[PDB]
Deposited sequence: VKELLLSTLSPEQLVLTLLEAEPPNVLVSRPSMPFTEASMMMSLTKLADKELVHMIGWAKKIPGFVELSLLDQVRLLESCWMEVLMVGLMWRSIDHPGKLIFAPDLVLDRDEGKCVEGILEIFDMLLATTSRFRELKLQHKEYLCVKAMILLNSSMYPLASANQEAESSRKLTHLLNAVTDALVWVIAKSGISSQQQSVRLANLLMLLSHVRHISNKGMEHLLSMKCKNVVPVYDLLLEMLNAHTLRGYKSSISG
């Protein structure tokens, strides 16, 4: 096994490239879907750099990414947005004010949820090292969605990232009581992100089904899995 410092540095270097996109209901959804597809390509590359991921069975790798992709997109959005109250920084040159959610049916509720969760991370003063850990924990199925060598390996990988998160928190020097509460709050926020993801995917599928936006390629493949 790697040390926790070694694991966190591995997560840092795995970070994906940033993407650039390029309103009506159609044009906002077109931008957002084009963005997601671009990010998804890079997400797969990112997952492959997480220690142990490519040692899992191909089926587990597929099922993990199918399960978490929207959560991973969303936590990245929250991190990009953390220091800008009332704004969602989807990408450079796609910075949306809360009120621009009025452009798309049903999207404002989702924006408000994403902004509220971002605000909780801001209040917690989420650290760089914590962000890295929690994004990897999401991929490695800290939610425990039902998907033996591969399952045993996955448990080991998830435990390793959790250990690294505990280590990061321990470096803050706050009381053991406060360290435990912080970990609880972070895990409960990840559970909340899962719920927002479920809502977001339902909304995307609705926009597809109503022919508000076409969905192609990798995003289509990941959406079809839901």
| item | value |
| --- | --- |
| Stretches with no C-alpha atoms in the model, relative to the deposited sequence starting at 1 | 1-7, 30-34, 160-165, 245-255 |
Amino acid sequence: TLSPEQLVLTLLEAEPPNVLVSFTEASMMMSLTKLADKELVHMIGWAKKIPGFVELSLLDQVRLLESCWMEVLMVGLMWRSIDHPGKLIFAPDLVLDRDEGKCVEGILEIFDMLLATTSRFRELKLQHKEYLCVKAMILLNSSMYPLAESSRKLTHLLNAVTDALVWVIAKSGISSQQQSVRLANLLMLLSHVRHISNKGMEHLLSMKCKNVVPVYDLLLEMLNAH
From here on, numbers count along this sequence of modelled residues.
{"query": "Gap at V75 across at least one third of the other PDB entries", "finding": "no"}
{"query": "Other entries omitting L147, at least a third", "finding": "yes"}
{"query": "Chain-relative CA temperature factor third for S143", "finding": "highest"}
{"query": "Third of the chain, ranked by Cα B-factor, where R152 sits", "finding": "highest"}
{"query": "For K38, the third of its chain into which the C-alpha B factor falls", "finding": "lowest"}
{"query": "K125 - Cα temperature factor, lowest/middle/highest third of chain", "finding": "middle"}
{"query": "Lowest, middle or highest third - CA B-factor, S172", "finding": "highest"}
